[PDB]
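Notes follow the structure.
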Amino acid sequence: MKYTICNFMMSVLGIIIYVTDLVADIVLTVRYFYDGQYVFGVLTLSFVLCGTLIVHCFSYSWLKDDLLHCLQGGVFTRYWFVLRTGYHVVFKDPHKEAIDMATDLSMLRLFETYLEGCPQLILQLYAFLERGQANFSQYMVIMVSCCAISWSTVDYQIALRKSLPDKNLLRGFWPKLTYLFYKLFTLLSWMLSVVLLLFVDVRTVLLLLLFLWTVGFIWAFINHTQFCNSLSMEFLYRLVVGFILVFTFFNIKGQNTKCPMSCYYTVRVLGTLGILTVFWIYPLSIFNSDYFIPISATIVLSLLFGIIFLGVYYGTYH
Amino acid sequence: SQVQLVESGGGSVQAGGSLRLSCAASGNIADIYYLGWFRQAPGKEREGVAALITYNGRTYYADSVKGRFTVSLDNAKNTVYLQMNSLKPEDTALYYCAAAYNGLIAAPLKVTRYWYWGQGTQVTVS
């Protein structure tokens, strides 16, 4: 609670993930226009353009509430302040400001991550399965985004541990690894499921997103989510958090009793495996049958692993 | 690139005649599953015309050119050959040959499927 040295390495680790994530996106997008792949390049740059814009809009609202140049005064201006004090922390109630301001930045990175880690991983992995082998540049973004997803998720768990003392049993290295592999495996199963459908009909998957997106948006209304003050920001916050629910569940408002997660996943298990039954019972000549078996194997085994990890975490801590 | 594809045999030939093309893959082609050909002329995008599977040899074709193209592979020279008979005026286009590593999608006619390409040769029909 005093912003020890140990979590300082956790904070500084962000940039060597963040700036590498940022430089990977810009170096990769121009490469697509350099090789002629205009569609992927412009669309992968759309995420980073929208990714930094969404957090900046939240950044301005948070900065204005706590308080042309201000337009570009976003995450970089916020991030420099904490390390300016953080460097003094290594040098030697500033502790209250340091911990509260850092954990505020951490959450904004999560929405910056899961709006750039998960949805952007789709395009690259969709452009890797299609072309077979891919190259080094695409492997860079996939690994760093996986690192970004891994780093942000565990960082959120640390924030949950320190924000409130209710989860005192969360202490230990085992909860860190179990919940981390919960995202990395459950997402991978659902991502690989969306990718497989994406080859069949692009339009159906995109329209399927709207139905799932609006359900998450409506789900914000029923829970009466409230974290921003501006009425326009309130509309935006339910939009962005609703989009995340399509990829994974996050227990909005932290006041539930495991009931909504069971409903969200009891349809996930039937939805994901139900898709596999469609392909197995109704074979498709479009997809090569040689490599379709390991993909069909890894989509179900990873999902089986994901629900298994859930029992360990909730069944012994929650 | 690990390998370089070389295109040759292009030239000028009268309508209804015959002409042969060769595409040579210099290097390691052990992991190459699909390789084929394309047609490209100004005013239109690339579309697949012919392709084959290195493992078996089943020559997938296009309905527009089905029953006409003659695509054969010779592993002795590590190359592929293409044969024309009774040309049509719209055949005038750039012919490129390209390969692709084995993946998941099985449709070697899509332009975005193949990984790396070659320079190509100009061919015209009179």
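Positions of Cβ are backbone-derived with ideal geometry, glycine not excepted, and every protein chain shown enters the neighbour counts. Throughout, read-outs are computed from the coordinates displayed, never taken from laboratory work.
Some points to look at:
- Residue check for A:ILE295: within 14 Å of chain B (Cβ to nearest Cβ) and assigned to a helix (DSSP H, G or I): yes
- When A:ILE275 is tested against (1) away from chain B (no Cβ under 14 Å); (2) within 21 Å of the chain's Cα centre (by Cα); (3) aliphatic (A, V, I, L, M), exactly one condition is not met: (2).
- Under the condition of being farther than 30 Å from A:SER296 by Cα and not aromatic (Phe, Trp, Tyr), the residues counted in segment B:71-123 number 30.
- Scanning segment B:103-118 for residues that are facing chain A (nearest Cβ under 9 Å), hydroxyl-bearing (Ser, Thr, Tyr) and outside any loop (DSSP other than H, G, I, E, B) gives no hits.
- Test: residue in segment A:112-120 that is over 30 Å from A:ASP66 (Cα atoms), within 14 Å of chain B (Cβ to nearest Cβ) and surrounded by 16 or more Cβ atoms within 10 Å (Cβ to Cβ): no
- Complete set of residues in segment A:25-42 that are out of contact with any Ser or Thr (no Cβ under 9 Å at 6 or more places or on another chain) and of a type outside the set (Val, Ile, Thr): A:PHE33, A:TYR34, A:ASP35, A:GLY36, A:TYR38
- Members of segment B:52-73 that are more than 14 Å from every other protein chain (Cβ to nearest Cβ) and under 23 Å from B:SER1 (Cα atoms): B:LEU52, B:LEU73
- Qualifying residues in segment A:129-175 (those that are charged (D, E, K, R) and part of a helix (DSSP H, G or I)) - the one farthest from the other protein chains (Cβ to nearest Cβ): A:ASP166
- Residues in segment A:1-52 that are in a helix (DSSP H, G or I) and among the charged types (D, E, K, R) were compared, and the one that is farthest from A:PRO119 (Cα to Cα) is A:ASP35.
- Residue identified as in contact with a strand residue (DSSP E or B) (Cβ under 8 Å, 6 or more places away or on another chain) and part of a helix (DSSP H, G or I) among A:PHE211, A:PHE199, A:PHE111: A:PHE199
- Checking A:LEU239 against (1) closer than 30 Å to A:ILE286 by Cβ; (2) under 20 Å from the mean Cα position of the chain (by Cα); (3) of a type outside the set (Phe, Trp, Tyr), the condition it does not meet: (1)
- Against the test of being part of a strand (DSSP E or B) and away from every other protein chain (no Cβ under 14 Å), the options B:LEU94, B:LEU35, B:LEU87 yield a single qualifying residue, B:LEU94.
- Unique match (being under 17 Å from A:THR52 (Cβ atoms), out of contact with any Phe, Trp or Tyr (no Cβ under 6 Å at 6 or more places or on another chain) and among the aromatic types (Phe, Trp, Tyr)) among A:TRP174, A:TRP80, A:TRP151: A:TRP80
- B:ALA100 passes every criterion in (1) of a type in the set (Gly, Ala, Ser); (2) at the interface with chain A (Cβ under 10 Å from one of its Cβ atoms); (3) surrounded by fewer than 20 Cβ atoms within 10 Å (Cβ to Cβ) apart from (3).
- Residue that is farthest from A:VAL200 (Cα to Cα) [pool: residues in segment B:67-84 that are small (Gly, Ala, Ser) and part of a loop (DSSP other than H, G, I, E, B)]: B:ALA76
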